[PDB]
Amino acid sequence: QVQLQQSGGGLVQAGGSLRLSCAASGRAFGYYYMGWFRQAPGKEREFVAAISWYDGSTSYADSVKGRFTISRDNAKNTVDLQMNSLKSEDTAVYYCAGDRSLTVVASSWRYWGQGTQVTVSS
Amino acid sequence: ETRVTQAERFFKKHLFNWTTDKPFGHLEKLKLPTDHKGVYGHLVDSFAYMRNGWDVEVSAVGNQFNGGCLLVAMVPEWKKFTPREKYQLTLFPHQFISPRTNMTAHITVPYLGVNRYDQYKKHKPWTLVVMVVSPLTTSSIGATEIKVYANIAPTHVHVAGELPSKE
Amino acid sequence: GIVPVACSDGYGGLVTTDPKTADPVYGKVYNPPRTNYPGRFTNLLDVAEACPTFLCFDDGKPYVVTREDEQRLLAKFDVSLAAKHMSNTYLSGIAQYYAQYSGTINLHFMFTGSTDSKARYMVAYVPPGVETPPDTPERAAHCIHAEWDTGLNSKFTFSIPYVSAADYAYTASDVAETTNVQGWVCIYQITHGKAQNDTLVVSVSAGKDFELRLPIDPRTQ
Amino acid sequence: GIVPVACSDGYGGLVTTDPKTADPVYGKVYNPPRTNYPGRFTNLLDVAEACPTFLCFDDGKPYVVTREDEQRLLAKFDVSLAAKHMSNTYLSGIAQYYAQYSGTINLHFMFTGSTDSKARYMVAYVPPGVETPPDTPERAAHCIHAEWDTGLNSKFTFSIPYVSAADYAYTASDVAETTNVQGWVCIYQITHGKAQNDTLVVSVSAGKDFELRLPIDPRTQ
Amino acid sequence: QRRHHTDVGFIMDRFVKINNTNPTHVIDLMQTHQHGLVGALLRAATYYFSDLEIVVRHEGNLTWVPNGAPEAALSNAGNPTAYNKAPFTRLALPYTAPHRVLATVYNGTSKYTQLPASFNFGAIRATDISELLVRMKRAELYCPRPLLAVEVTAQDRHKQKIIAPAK
Amino acid sequence: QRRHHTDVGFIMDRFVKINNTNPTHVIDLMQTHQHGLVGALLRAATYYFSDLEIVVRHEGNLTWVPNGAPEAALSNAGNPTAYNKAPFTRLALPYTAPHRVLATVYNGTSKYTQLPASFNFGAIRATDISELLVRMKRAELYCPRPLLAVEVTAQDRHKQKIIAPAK
């Protein structure tokens, strides 16, 4: 069973940096697009980032472009979201998800993680 | 591949009729998997490549006042048997059923074949075989006819290559 | 210089069972492993010992029926892998391809008779001795015999000893050498209660120290 | 004395691929080194994996054009190294010289369409299962499928899983065995905005665990 | 006790003639005579795995194409070609079938009484072939099946004349 | 995974027939058939380096002159001469060309569609030559080039008949 485990969340000051980790187990880690989704309180899940599995690529949302960095480690089966230049709007639960699909919709990703809480303090 | 735990459940059936006019060598067969009407049939039709074992519990309802012996076995790669080799069905996994001594058998078999995955619409590896070793003897105080059953549940169901629907 | 060699006369021919290998023609082939495959047997006698198989009594049935006549002799049958009764047995099927054998042979008796019927029986083995088997149920007591009653179990196992002159015995009983070849077993019914069609099924398997020796290909091809 | 040897019968002949070397005729030749020569490849599959090559769609073009008709099916093409669409591919060129194969195959989609046109698509692979591929764009969702939108990238890579009965699959699809051999891929257009002649080029390369097994020389010479 | 002469790996390591030979031949172990030592001891197993060594008596060169190669590939010398010596040719072939193990009985078919065509070792061709012998190396067997001896019509047991030093 | 059968040094180490043979022959690797395994896998490289082994079936003695030697030197036995045995002759030749590596395509000429004459391995002469086989040892390739499969006229894909055990 493709299982995603999130870690690295917590409280952090605005303007700082934080790194999240997504530990994945399974035989299909090397064929699945892996990205992150953020769910603001009272808001639906929204795409924030994604990384490819063949060349490496990158794609960030317009709200976080130029501020985030998403990286993958095939040998360790871990996907990380390196975060910098924090702002208060980023206080939300960050969900690791994957699938063969690369979209902005959240309903199209079959597998999800349990989520981690990230709080931005102004 | 993924393991489907919802396809492993029992399902009682009917094997044959045990009367007194059937001598030694009466053979009945039931290839597996049969027409399961549950989740397993949906896996058979809407999925292509499956692998699984089996387990069976056959029961002959009767009483100790009758005499006879029944042989139940799981022959792999079933083939029509001439009378001469019916004396050698103990080479396969088996148990003896006789109303004098026992009432229920229990045979568990794993998955085995040339290919790691099989299409049960085309090839049926295992088979349930029930044969009369000694004829059913009965008297005025014994049951005149005995019904045999059969519980049956696949074990360790593994499937690969999920298929679309038909609607 | 170079090494001198002598080309011997008589060597070099092809023998069907020579132990020397051939020269490969197609290298670097890695085949998928056949590990953890259930049901792998490496010795034929292990399979023969593990699973008994039925005997073929007269008229072509694997049980002997109780007789309501003065002859207490239920039946006799020869103990030989080429006998008529052991014709439909796995042990005889293996043994037809070998020339000599030596060891013990086991006999299995199982009562498929009704529970409400009780009886007493005995079994007697006779090695190649006296000219006539002891048809008398009492004369056979002087042989190596056993007694079993269907009141403590419905299964009873009897071992047939190996008695002969030489170390190994033939498996392919000869056209010559008439009279009882080596051994016969006869089963007596000491008493029986309401056992007129009660059944008794007999099966034979290899012993713990059975052994076959010389592989041959005897059939007509 | 001298050593006796036996001249075996059957050995000594010449086989086209025997592993034994010949006797030199011209010694002491030192050739200039070919060190640090750029572009040295030692495995064919490494070259096949590194560089993808185009597919040949109908009419002889390497892109599929958006269709303004009710059939949301852009196209389907067989997944087989001997198919019509993979005819002009390096992978098929390598594979024609081998008998068996096993592994993953990658698919590359690249949007050469205009920036001002946005659209939604999906891809669906169907292993050798149901008698008819799910021509319906919704029926194919039950297969192993993916969804990609040209709003975050113009490149999207889809991996084709290896699903079959045996361990290794044939590469030389037989005259017999009709019906869909193993696998087909069909691409659907969920929506399109001002995309009437917008293009879409598809290329195929070897997977990370692809492998070819048995070298043969099949062509007519 | 010594049980070396009944070993499965030892009883299978000997040459056996294959009766049916053609200018083009598909090497299948099921062409052996069913009543010989090797043939009969082989039909008494369900699955098997083995290498091979063959002795062929041919005219002209001999070509071998592995399993799965097209039939038209038998006319090219790029595939392993053996040039004929005087008496005959000895070659050692590997196991090239896609399946992990082969089989002697198949329950059903494999196309969307007859085994699938994929149960072979390759093919050989020459201008003609006069004799062909095969040899199973490192054999292994699985899932035993009944083995039958010759029947007795009306005698007590079969009588076969043994070799005697009588003058 | 095992990737040994696609090795460049392993796929090139086999005998291949050279169709054009003359009483005097200039050994060039570009005489191989373009559609065979070795020929086609060789045209898919730009440069190459290799040794050689040859099997020749000749009458009389065979002379070999290295690269750059005059043509008149083929009539003297001072150059390596091989005396004929019964079946044929096996020899191992070195690489004698002045250039570090050879080539399969040349863009232009070399004199102050046709490769320069300096791309060869030597020459051989006998009173006649009936067959000639060559073998590339320790081969190495550089700068890959397109490799094409057989075309499909109107079918979905090419169909070639595979070897089958059908009787």
# chains A, B, ... in the order shown; residues from 1 in each chain; ligands from 1

$ residues_around --residues "region 147-163 of chain C" --least-positions-apart "5" --cutoff "9 Å" --atoms "only C-alpha atoms" --output "compact mmCIF listing (two decimals) with N, CA, C and O atoms, in the first residue's frame"
# COMPACT_ATOMS: atom_id res chain seq x y z
N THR B 101 -15.65 -42.74 11.42
CA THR B 101 -14.52 -42.15 12.13
C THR B 101 -14.56 -40.62 12.12
O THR B 101 -14.57 -40.00 13.19
N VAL C 79 3.44 -62.00 -1.87
CA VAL C 79 4.27 -60.83 -1.57
C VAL C 79 5.41 -60.85 -2.59
O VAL C 79 6.45 -61.48 -2.41
N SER C 102 16.07 -54.80 -1.66
CA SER C 102 16.27 -55.34 -0.32
C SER C 102 15.69 -54.37 0.70
O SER C 102 16.01 -53.18 0.68
N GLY C 103 14.86 -54.89 1.60
CA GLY C 103 14.33 -54.12 2.70
C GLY C 103 12.97 -54.60 3.13
O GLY C 103 12.47 -55.65 2.71
N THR C 104 12.35 -53.80 4.00
CA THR C 104 11.05 -54.12 4.58
C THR C 104 9.92 -53.53 3.74
O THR C 104 10.10 -52.54 3.03
N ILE C 105 8.75 -54.15 3.84
CA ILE C 105 7.55 -53.69 3.15
C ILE C 105 6.41 -53.66 4.16
O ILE C 105 6.20 -54.63 4.89
N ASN C 106 5.68 -52.54 4.21
CA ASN C 106 4.64 -52.33 5.20
C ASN C 106 3.26 -52.62 4.61
O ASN C 106 3.04 -52.45 3.41
N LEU C 107 2.35 -53.06 5.46
CA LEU C 107 0.97 -53.36 5.08
C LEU C 107 0.02 -52.57 5.97
O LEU C 107 0.19 -52.55 7.19
N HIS C 108 -0.98 -51.93 5.36
CA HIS C 108 -1.94 -51.11 6.07
C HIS C 108 -3.33 -51.72 5.95
O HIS C 108 -3.80 -51.98 4.84
N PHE C 109 -3.98 -51.94 7.09
CA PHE C 109 -5.34 -52.45 7.15
C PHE C 109 -6.24 -51.38 7.75
O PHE C 109 -5.91 -50.80 8.80
N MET C 110 -7.36 -51.10 7.09
CA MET C 110 -8.28 -50.06 7.55
C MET C 110 -9.71 -50.58 7.49
O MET C 110 -10.15 -51.08 6.45
N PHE C 111 -10.42 -50.44 8.60
CA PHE C 111 -11.78 -50.96 8.74
C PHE C 111 -12.80 -49.90 8.35
O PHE C 111 -13.06 -48.97 9.11
N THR C 112 -13.40 -50.07 7.17
CA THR C 112 -14.48 -49.20 6.72
C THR C 112 -15.84 -49.81 7.04
O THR C 112 -16.87 -49.36 6.53
N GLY C 113 -15.85 -50.83 7.88
CA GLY C 113 -17.07 -51.47 8.30
C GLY C 113 -17.85 -50.61 9.27
O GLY C 113 -17.34 -49.63 9.80
N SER C 117 -20.62 -53.31 14.21
CA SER C 117 -20.10 -54.64 13.93
C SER C 117 -18.69 -54.75 14.47
O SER C 117 -17.82 -53.93 14.13
N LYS C 118 -18.45 -55.76 15.30
CA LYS C 118 -17.14 -56.02 15.88
C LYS C 118 -16.65 -57.40 15.44
O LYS C 118 -17.45 -58.31 15.21
N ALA C 119 -15.33 -57.54 15.34
CA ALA C 119 -14.76 -58.77 14.82
C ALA C 119 -13.32 -58.91 15.29
O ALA C 119 -12.75 -57.99 15.87
N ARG C 120 -12.76 -60.09 15.04
CA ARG C 120 -11.38 -60.42 15.37
C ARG C 120 -10.71 -61.04 14.15
O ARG C 120 -11.30 -61.90 13.48
N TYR C 121 -9.48 -60.62 13.88
CA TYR C 121 -8.72 -61.11 12.74
C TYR C 121 -7.27 -61.35 13.13
O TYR C 121 -6.82 -60.96 14.21
N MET C 122 -6.54 -62.00 12.23
CA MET C 122 -5.10 -62.16 12.35
C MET C 122 -4.48 -62.19 10.96
O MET C 122 -5.15 -62.52 9.98
N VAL C 123 -3.20 -61.85 10.89
CA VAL C 123 -2.44 -61.88 9.64
C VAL C 123 -1.21 -62.74 9.86
O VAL C 123 -0.65 -62.76 10.96
N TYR C 125 2.46 -64.09 7.81
CA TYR C 125 3.41 -64.12 6.71
C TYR C 125 4.17 -65.44 6.74
O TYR C 125 4.55 -65.91 7.81
N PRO C 127 7.51 -67.16 4.97
CA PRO C 127 8.66 -67.09 4.08
C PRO C 127 8.74 -68.33 3.21
O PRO C 127 7.96 -69.28 3.39
N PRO C 128 9.67 -68.37 2.23
CA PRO C 128 9.74 -69.53 1.33
C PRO C 128 10.22 -70.79 2.03
O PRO C 128 11.37 -71.21 1.84
N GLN C 182 8.81 -66.42 -3.11
CA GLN C 182 9.30 -66.26 -1.75
C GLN C 182 8.18 -66.24 -0.71
O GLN C 182 8.12 -67.12 0.15
N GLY C 183 7.25 -65.30 -0.82
CA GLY C 183 6.37 -65.04 0.31
C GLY C 183 4.91 -64.82 0.02
O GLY C 183 4.54 -64.22 -0.99
N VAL C 185 1.01 -63.81 2.09
CA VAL C 185 0.28 -63.35 3.27
C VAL C 185 -1.16 -63.80 3.15
O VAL C 185 -1.79 -63.63 2.10
N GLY C 207 8.97 -49.71 3.09
CA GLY C 207 9.43 -49.68 4.46
C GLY C 207 10.43 -48.57 4.71
O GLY C 207 10.79 -47.80 3.83

$ residues_around --residues "residue 7 (chain A)" --least-positions-apart "5" --cutoff "10 Å" --atoms "only C-alpha atoms" --output "ChimeraX atom specification"
/A:19-23,80,94,96,114-117

$ select_by_dssp --residues "region 6-118 of chain E" --states "strand (DSSP E)" --output "ChimeraX atom specification"
/E:16-17,24-26,45-49,52-59,62-65,81-82,89-93,102-103

$ closest_atom_pairs --of "region 54-108 of chain F" --to "region 31-54 of chain D" --cutoff "12 Å" --atoms "only C-alpha atoms" --output "CSV"
residue,atom,partner,partner_atom,distance
F:94,CA,D:31,CA,9.0
F:95,CA,D:31,CA,7.1
F:96,CA,D:31,CA,7.4
F:97,CA,D:31,CA,8.7
F:98,CA,D:31,CA,8.7
F:99,CA,D:32,CA,8.3
F:100,CA,D:32,CA,5.9
F:101,CA,D:34,CA,7.1
F:102,CA,D:34,CA,10.8

$ residues_around --residues "residue 147 (chain F)" --least-positions-apart "5" --cutoff "9 Å" --atoms "only C-alpha atoms" --output "ChimeraX atom specification"
/D:89-91,93-94 /F:40-41,43-44

$ write_last_selection --atoms "N, CA and C atoms" --output "compact mmCIF listing (two decimals), in the first residue's frame"
# COMPACT_ATOMS: atom_id res chain seq x y z
N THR D 89 11.33 4.05 -34.66
CA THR D 89 11.89 4.31 -33.34
C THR D 89 13.20 3.55 -33.18
N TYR D 90 14.12 4.14 -32.41
CA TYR D 90 15.38 3.47 -32.11
C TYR D 90 15.16 2.24 -31.24
N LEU D 91 14.20 2.30 -30.31
CA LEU D 91 13.93 1.17 -29.43
C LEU D 91 13.46 -0.04 -30.23
N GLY D 93 14.16 -0.55 -33.36
CA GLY D 93 15.32 -0.96 -34.14
C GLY D 93 16.24 -1.88 -33.36
N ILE D 94 16.49 -1.56 -32.09
CA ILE D 94 17.25 -2.48 -31.25
C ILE D 94 16.48 -3.78 -31.03
N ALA F 40 24.40 -4.37 -39.31
CA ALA F 40 23.51 -3.27 -38.96
C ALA F 40 23.92 -2.62 -37.64
N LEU F 41 24.33 -3.42 -36.65
CA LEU F 41 24.81 -2.83 -35.41
C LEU F 41 26.15 -2.14 -35.58
N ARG F 43 26.95 -0.36 -38.65
CA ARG F 43 26.65 0.90 -39.34
C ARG F 43 26.04 1.93 -38.40
N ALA F 44 25.59 1.52 -37.22
CA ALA F 44 25.03 2.42 -36.22
C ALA F 44 26.10 3.01 -35.31

$ interface_residues --of "chain F" --to "chain D" --cutoff "9 Å" --atoms "only C-alpha atoms" --output "PDB file with C-alpha atoms, in the first residue's frame"
ATOM      1  CA  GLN F   1      17.977  -6.441 -13.917  1.00  0.00           C
ATOM      2  CA  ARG F   2      20.494  -8.136 -16.228  1.00  0.00           C
ATOM      3  CA  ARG F   3      21.778  -6.171 -19.235  1.00  0.00           C
ATOM      4  CA  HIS F   4      24.487  -8.526 -20.489  1.00  0.00           C
ATOM      5  CA  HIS F   5      22.939  -9.564 -23.813  1.00  0.00           C
ATOM      6  CA  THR F   6      22.963  -5.978 -25.147  1.00  0.00           C
ATOM      7  CA  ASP F   7      26.671  -5.450 -24.441  1.00  0.00           C
ATOM      8  CA  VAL F   8      28.647  -3.898 -27.293  1.00  0.00           C
ATOM      9  CA  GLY F   9      31.698  -6.061 -26.639  1.00  0.00           C
ATOM     10  CA  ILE F  11      27.252  -8.783 -29.411  1.00  0.00           C
ATOM     11  CA  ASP F  13      32.136 -11.364 -30.855  1.00  0.00           C
ATOM     12  CA  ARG F  14      30.794 -13.826 -33.408  1.00  0.00           C
ATOM     13  CA  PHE F  15      31.661 -15.053 -36.891  1.00  0.00           C
ATOM     14  CA  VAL F  16      30.000 -13.339 -39.861  1.00  0.00           C
ATOM     15  CA  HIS F  33      25.833  -7.430 -45.177  1.00  0.00           C
ATOM     16  CA  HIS F  35      20.970  -5.915 -42.664  1.00  0.00           C
ATOM     17  CA  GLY F  36      22.534  -8.626 -40.508  1.00  0.00           C
ATOM     18  CA  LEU F  37      23.053  -8.381 -36.773  1.00  0.00           C
ATOM     19  CA  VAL F  38      26.730  -7.410 -36.934  1.00  0.00           C
ATOM     20  CA  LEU F  41      24.811  -2.833 -35.411  1.00  0.00           C
ATOM     21  CA  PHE F  49      38.467  -0.170 -33.216  1.00  0.00           C
ATOM     22  CA  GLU F  53      40.230 -13.488 -36.502  1.00  0.00           C
ATOM     23  CA  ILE F  54      39.487 -15.076 -39.877  1.00  0.00           C
ATOM     24  CA  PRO F  80      53.511 -14.652 -43.223  1.00  0.00           C
ATOM     25  CA  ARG F  90      42.296 -20.007 -38.483  1.00  0.00           C
ATOM     26  CA  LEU F  91      44.482 -16.911 -38.064  1.00  0.00           C
ATOM     27  CA  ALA F  92      44.526 -13.928 -35.707  1.00  0.00           C
ATOM     28  CA  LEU F  93      45.421 -10.550 -37.201  1.00  0.00           C
ATOM     29  CA  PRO F  94      46.347  -7.302 -35.421  1.00  0.00           C
ATOM     30  CA  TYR F  95      45.260  -3.718 -36.139  1.00  0.00           C
ATOM     31  CA  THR F  96      47.791  -2.103 -38.484  1.00  0.00           C
ATOM     32  CA  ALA F  97      46.091   1.020 -39.862  1.00  0.00           C
ATOM     33  CA  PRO F  98      47.943   4.323 -39.316  1.00  0.00           C
ATOM     34  CA  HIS F  99      44.881   6.113 -37.902  1.00  0.00           C
ATOM     35  CA  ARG F 100      43.972   5.790 -34.231  1.00  0.00           C
ATOM     36  CA  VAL F 101      40.386   4.728 -35.043  1.00  0.00           C
ATOM     37  CA  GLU F 140      34.610  -0.596 -29.192  1.00  0.00           C
ATOM     38  CA  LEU F 141      32.237   1.938 -30.732  1.00  0.00           C
ATOM     39  CA  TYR F 142      31.869   5.718 -30.649  1.00  0.00           C
ATOM     40  CA  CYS F 143      29.308   8.397 -31.571  1.00  0.00           C
ATOM     41  CA  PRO F 144      26.005   6.526 -32.095  1.00  0.00           C
ATOM     42  CA  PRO F 146      20.359   6.136 -36.210  1.00  0.00           C
ATOM     43  CA  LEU F 147      19.348   2.467 -36.311  1.00  0.00           C
ATOM     44  CA  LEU F 148      16.222   1.556 -38.264  1.00  0.00           C
ATOM     45  CA  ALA F 149      13.886  -1.431 -38.051  1.00  0.00           C
ATOM     46  CA  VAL F 150      11.956  -3.027 -40.890  1.00  0.00           C
ATOM     47  CA  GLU F 151       9.072  -0.922 -42.185  1.00  0.00           C
ATOM     48  CA  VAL F 152       5.360  -1.716 -41.980  1.00  0.00           C
ATOM     49  CA  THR F 153       3.491  -1.189 -45.247  1.00  0.00           C
ATOM     50  CA  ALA F 154      -0.144  -1.151 -44.097  1.00  0.00           C
ATOM     51  CA  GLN F 155      -0.345  -3.478 -41.067  1.00  0.00           C
ATOM     52  CA  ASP F 156      -0.274  -2.451 -37.412  1.00  0.00           C
ATOM     53  CA  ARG F 157       3.174  -4.001 -36.899  1.00  0.00           C
ATOM     54  CA  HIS F 158       5.532  -6.513 -38.478  1.00  0.00           C
ATOM     55  CA  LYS F 159       4.505 -10.169 -38.112  1.00  0.00           C
ATOM     56  CA  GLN F 160       7.210 -12.852 -38.061  1.00  0.00           C
ATOM     57  CA  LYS F 161       6.453 -16.530 -37.433  1.00  0.00           C
ATOM     58  CA  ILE F 162       8.104 -17.805 -34.252  1.00  0.00           C
TER      59      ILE F 162
END

$ closest_atom_pairs --of "chain B" --to "chain E" --cutoff "7 Å" --atoms "only C-alpha atoms" --output "Markdown table"
| residue | atom | partner | partner_atom | distance |
| --- | --- | --- | --- | --- |
| B:77 | CA | E:107 | CA | 5.4 |
| B:78 | CA | E:107 | CA | 6.2 |
| B:85 | CA | E:146 | CA | 6.2 |
| B:88 | CA | E:146 | CA | 5.8 |
| B:91 | CA | E:145 | CA | 6.6 |
| B:114 | CA | E:101 | CA | 5.5 |
| B:115 | CA | E:99 | CA | 5.9 |
| B:122 | CA | E:109 | CA | 6.2 |
| B:123 | CA | E:108 | CA | 5.2 |
| B:124 | CA | E:107 | CA | 6.2 |
| B:125 | CA | E:107 | CA | 6.7 |

$ closest_residue --among "D:190, D:201, D:65, D:166" --to "chain C" --atoms "only C-alpha atoms"
D:166

$ atom_distance --atom1 "CA of residue 112 (chain B)" --atom2 "CA of residue 33 (chain B)"
14.1 Å

$ interface_residues --of "chain A" --to "chain B" --cutoff "12 Å" --atoms "only C-alpha atoms" --output "list in words"
residues 1, 2, 26, 27 and 28 of chain A

$ write_last_selection --atoms "C-alpha atoms" --output "PDB file, in the first residue's frame"
ATOM      1  CA  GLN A   1       0.000   0.000   0.000  1.00  0.00           C
ATOM      2  CA  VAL A   2       1.395   3.369  -1.079  1.00  0.00           C
ATOM      3  CA  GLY A  26       5.957   1.275  -1.922  1.00  0.00           C
ATOM      4  CA  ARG A  27       6.962  -0.201  -5.279  1.00  0.00           C
ATOM      5  CA  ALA A  28       5.574   2.745  -7.290  1.00  0.00           C
TER       6      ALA A  28
END

$ interface_residues --of "chain D" --to "chain B" --cutoff "6 Å" --atoms "only C-alpha atoms" --output "list in words"
residues 129, 140, 142, 143, 165 and 166 of chain D

$ interface_residues --of "chain C" --to "chain D" --cutoff "7 Å" --atoms "only C-alpha atoms" --output "JSON, numbers by chain"
{"C": [4, 5, 6, 7, 8, 11, 12, 13, 14, 25]}

$ write_last_selection --atoms "N, CA, C and O atoms" --output "short mmCIF file (atom, residue, chain, number, x, y, z; two decimals), in the first residue's frame"
data_model
loop_
_atom_site.label_atom_id
_atom_site.label_comp_id
_atom_site.auth_asym_id
_atom_site.auth_seq_id
_atom_site.Cartn_x
_atom_site.Cartn_y
_atom_site.Cartn_z
N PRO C 4 54.54 -34.30 -26.12
CA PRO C 4 54.17 -35.50 -26.87
C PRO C 4 53.04 -36.25 -26.21
O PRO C 4 53.02 -36.41 -24.99
N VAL C 5 52.07 -36.72 -27.00
CA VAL C 5 50.95 -37.49 -26.49
C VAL C 5 50.81 -38.76 -27.30
O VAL C 5 51.28 -38.86 -28.44
N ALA C 6 50.16 -39.75 -26.71
CA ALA C 6 49.91 -41.04 -27.35
C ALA C 6 48.41 -41.24 -27.48
O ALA C 6 47.69 -41.21 -26.48
N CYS C 7 47.95 -41.46 -28.71
CA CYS C 7 46.53 -41.68 -28.98
C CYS C 7 46.19 -43.13 -28.69
O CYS C 7 46.46 -44.02 -29.50
N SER C 8 45.59 -43.38 -27.53
CA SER C 8 45.30 -44.75 -27.11
C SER C 8 44.28 -45.39 -28.02
O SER C 8 43.43 -44.72 -28.62
N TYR C 11 39.81 -46.15 -26.64
CA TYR C 11 39.16 -45.05 -25.95
C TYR C 11 38.61 -44.04 -26.95
O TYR C 11 38.96 -44.04 -28.13
N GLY C 12 37.72 -43.18 -26.46
CA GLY C 12 37.21 -42.07 -27.22
C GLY C 12 35.81 -42.24 -27.77
O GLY C 12 35.20 -41.26 -28.19
N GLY C 13 35.28 -43.46 -27.77
CA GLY C 13 33.95 -43.68 -28.32
C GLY C 13 32.87 -43.02 -27.48
O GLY C 13 33.10 -42.55 -26.36
N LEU C 14 31.66 -42.98 -28.04
CA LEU C 14 30.52 -42.40 -27.35
C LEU C 14 29.73 -43.49 -26.64
O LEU C 14 29.29 -44.46 -27.27
N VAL C 25 27.51 -23.71 -26.49
CA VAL C 25 27.35 -23.03 -27.77
C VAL C 25 26.72 -21.65 -27.63
O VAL C 25 26.78 -20.86 -28.58
#

$ interface_residues --of "chain E" --to "chain F" --cutoff "12 Å" --atoms "only C-alpha atoms" --output "PyMOL selection string"
chain E and resi 20-22+24-31+64-74+76-86+97+114-125

$ residues_around --residues "region 58-60 of chain F" --least-positions-apart "4" --cutoff "9 Å" --atoms "only C-alpha atoms" --output "PyMOL selection string"
chain F and resi 82-84+88-89+126-131

$ write_last_selection --atoms "N, CA, C and O atoms" --output "compact mmCIF listing (two decimals), in the first residue's frame"
# COMPACT_ATOMS: atom_id res chain seq x y z
N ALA F 82 50.80 -19.27 -44.66
CA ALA F 82 50.16 -20.37 -43.96
C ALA F 82 49.98 -21.54 -44.91
O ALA F 82 49.40 -21.38 -45.99
N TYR F 83 50.48 -22.71 -44.52
CA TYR F 83 50.35 -23.91 -45.33
C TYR F 83 49.02 -24.59 -45.03
O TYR F 83 48.62 -24.70 -43.87
N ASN F 84 48.34 -25.03 -46.08
CA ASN F 84 46.95 -25.46 -45.95
C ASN F 84 46.85 -26.82 -45.26
O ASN F 84 47.58 -27.76 -45.59
N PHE F 88 40.26 -26.07 -43.04
CA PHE F 88 40.42 -24.64 -43.27
C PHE F 88 41.52 -24.13 -42.34
O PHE F 88 42.19 -24.90 -41.65
N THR F 89 41.71 -22.81 -42.34
CA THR F 89 42.78 -22.15 -41.61
C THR F 89 42.20 -21.08 -40.69
O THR F 89 41.33 -20.31 -41.11
N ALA F 126 45.57 -16.38 -52.27
CA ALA F 126 45.85 -17.78 -52.51
C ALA F 126 45.48 -18.07 -53.96
O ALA F 126 45.04 -17.18 -54.68
N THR F 127 45.67 -19.32 -54.39
CA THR F 127 45.32 -19.65 -55.76
C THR F 127 43.81 -19.52 -55.99
O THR F 127 43.37 -19.27 -57.12
N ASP F 128 43.02 -19.67 -54.93
CA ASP F 128 41.61 -19.30 -54.91
C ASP F 128 41.11 -19.34 -53.47
O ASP F 128 41.73 -19.96 -52.60
N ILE F 129 40.00 -18.65 -53.23
CA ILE F 129 39.37 -18.61 -51.92
C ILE F 129 37.89 -18.92 -52.10
O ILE F 129 37.23 -18.30 -52.94
N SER F 130 37.38 -19.87 -51.32
CA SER F 130 35.99 -20.29 -51.44
C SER F 130 35.09 -19.63 -50.41
O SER F 130 33.95 -19.27 -50.73
N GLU F 131 35.56 -19.47 -49.18
CA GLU F 131 34.77 -18.81 -48.14
C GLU F 131 35.70 -18.07 -47.20
O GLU F 131 36.88 -18.40 -47.07

$ atom_distance --atom1 "CA of residue 65 (chain A)" --atom2 "CA of residue 194 (chain D)"
27.4 Å

$ atom_distance --atom1 "CA of residue 17 (chain B)" --atom2 "CA of residue 145 (chain B)"
7.4 Å

$ interface_residues --of "chain A" --to "chain D" --cutoff "8 Å" --atoms "only C-alpha atoms" --output "list in words"
residues 31, 54, 59, 60, 99, 100, 101, 102, 103 and 108 of chain A

$ residues_around --residues "residue 136 (chain C)" --least-positions-apart "2" --cutoff "12 Å" --atoms "only C-alpha atoms" --output "PyMOL selection string"
chain C and resi 70-74+124+132-134+138-143+186-190
